[PDB]
Amino acid sequence: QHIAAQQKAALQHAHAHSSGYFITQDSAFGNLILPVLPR
Amino acid sequence: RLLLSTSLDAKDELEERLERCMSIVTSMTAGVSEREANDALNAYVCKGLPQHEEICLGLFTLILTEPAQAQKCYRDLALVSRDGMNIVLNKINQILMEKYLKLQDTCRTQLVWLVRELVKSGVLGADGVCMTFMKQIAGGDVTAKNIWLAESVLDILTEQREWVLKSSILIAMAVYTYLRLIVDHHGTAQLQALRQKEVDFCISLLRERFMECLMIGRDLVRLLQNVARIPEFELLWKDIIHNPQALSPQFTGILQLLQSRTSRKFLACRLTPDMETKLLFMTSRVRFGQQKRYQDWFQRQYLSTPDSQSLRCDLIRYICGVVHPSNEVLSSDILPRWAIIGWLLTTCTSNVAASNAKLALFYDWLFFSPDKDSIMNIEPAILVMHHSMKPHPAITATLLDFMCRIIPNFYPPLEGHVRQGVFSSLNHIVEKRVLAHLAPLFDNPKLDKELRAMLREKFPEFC
Amino acid sequence: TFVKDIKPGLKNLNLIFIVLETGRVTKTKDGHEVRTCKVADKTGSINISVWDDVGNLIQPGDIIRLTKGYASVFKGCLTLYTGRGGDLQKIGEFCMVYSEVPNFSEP
DNA sequence: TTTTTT
């Protein structure tokens, strides 16, 4: 299992393809990123 | 000729009428000096209303179909019109709302030219026309013709900004429109250049007229969060969150924005007339189970390009906030909104889009108040989860997981409010019998035990 | 008149249907291109054979008014055709209710 | 200016 590496990959992919603000989650259910207000 | 037509297309009634009006106008102006030509027009307009309408519509159609004559025909139109060009603006709105996709390129060019003139002349209702024009800019569409319209309208609004500031509704609507369009403008130097113009324009209005933009309601927050990583908006977010009164003395905190629902006009403005007509048809006339070809037709037209991904969210918000079917449609076999939502979710190919789509679906849950908000905004999510449980349990699970996680994460200082909102949502769903019992959902044996524990820990009263 | 009322030998058929599918094109004889389109209204579906130009312009989802159509049997299948003095005209898209079955072009 | 067409 590699949950943290999958989180960072998903977040980096999001940043390459989107201007939205995202954070990571240790989701087992396809929510590795969540769109949230800026922090 | 006004419209593109194939040998298969039936003749267009509107085009045919405008062509006759143009024929009337040239019959009274051809082969004579402009003195005698203007006299005939002014004399004929006096005959009564329908003659007056014929002339104005004829000059209008000349402007659209004959660029060489356009400047003069506009001068004449401004002179002979005895109703402040009201009938011309009505026909403009009709053409935009009904015929734009078939409207010829030279006519499109001319219509942009005409609107700029109407704005410069301060014509009554020119702001309405501008808003109708923006609706024809398709989201999720970076084709040349669509980019052309986006930039052409932006230029009119930019160089006539002082005029724009006279209309609260236009300000709100232009900001809503371009905040959304900014999302699609990247990947080329042309698009990046346009995006910069759009960013500057939006920020300028937001900072100078924040109270007017507040009219939009909570979806303004969703639009702003989708552009948060653009440096100018990163800066604006610092103000919204940490120094809101710099935007206006009456804006004391993002909570007041999050607690106001978005009115239908803003959610609707980001669907083209055709998208909207097709969606409204599917949700009112198409029986559940028979939706497959309509979906494929819709998908093929609007959801097949990689750039089209951003459109899913507009569609989802529209379904939740605009489409509120009567009790007859609800208590029938008609294709339910949750089924439309379910379909739109599966068309999300990228994680960013899927993630945004879930937020979109849930957006009215976050600060739900039974007095303020309608249960019809929160209904689709709970029904998607319920009805997907047997066919596609992964859908139910991802949405349930999203729901619990968004609560502390959306905006932590407002966690208590977000929890209260989701709780109020679930509770109102129960007490209006949309879904009578949450336990068979929340403690379903099919659900992963981890997820079931999450739900029981966070919502004990529903397990 | 509806798709279900179409019988072989009937002519002067005036009806409105929505196009569901457009099959593959065939060449021959005089370089003529013909394809069968599956069309439908609320009573059911039927095959219409379309020649050449309209054939290339027709798309699934098109709402089409036929005037002076006629029906005959082709390769065991009841088939709709555009007749003399008639034509196909597209009057819209998408927004028509239809039934895929019964298929009246079944053997 | 197809067209009880192939």
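Values below: all heavy atoms of this structure, side chains included; hydrogens, waters and symmetry mates excluded. Order of the sequence lines sets the chain letters (A, B, ...), proteins ahead of strands, with each chain counted from 1.
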C:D52 (side chain) and D:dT2 (base): donor-acceptor pair under 3.5 Å: yes
Which nucleotide sits closest to the side chain of C:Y81: D:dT6, D:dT3, D:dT2? D:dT6
Heavy-atom donor-acceptor pair, C:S49 side-chain to D:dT6 base, under 3.5 Å: yes
With stacking defined as ring centroids separated by under 5.5 Å and planes differing by under 30°, is C:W51 stacked against D:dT5? yes
Would the distance check show the side chain of C:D62 and the main-chain N or O of C:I64 forming a donor-acceptor pair, the cut-off being under 3.5 Å? no
Do the rings of B:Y294 and C:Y98 sit parallel, tilted or perpendicular, given the 30° and 60° boundaries? tilted
Integer-rounded Å distance: D:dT2 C1' and C:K27 NZ: 16 Å
N or O in side chain of C:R35 less than 4.0 angstrom from D:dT6 OP1/OP2: no
Between B:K197 and B:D155, is there a side-chain N and carboxylate O pair less than 4.0 Å apart? yes
Tell me if a side-chain donor or acceptor on B:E198 pairs with a main-chain N or O of B:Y178 at a distance below 3.5 Å. no
Which comes earlier along DNA chain D counting from the 5' end, the contact point of C:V34 or that of C:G85, where each point is its nearest nucleotide? C:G85
In whole angstrom, give the distance that lies between atom CG of C:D30 and atom P of D:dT5. 14 Å
Atom NZ of C:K11 and atom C1' of D:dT5 are separated, to the nearest Å, by 16 Å
Have a look at C:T28 and say if it touches a base, only the backbone sugar-phosphate, or nothing, with a 4.0 Å heavy-atom cut-off. nothing
Reckon C:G86 touches a base, only the sugar-phosphate, or nothing at all at heavy-atom distances under 4.0 Å? base
Output the rounded distance in Å from OH (C:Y70) to P (D:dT2). 11 Å
So is the aromatic ring of C:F74 stacked onto the base of D:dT6, judging by whether the centres are under 5.5 Å apart and the planes are under 30° apart? yes
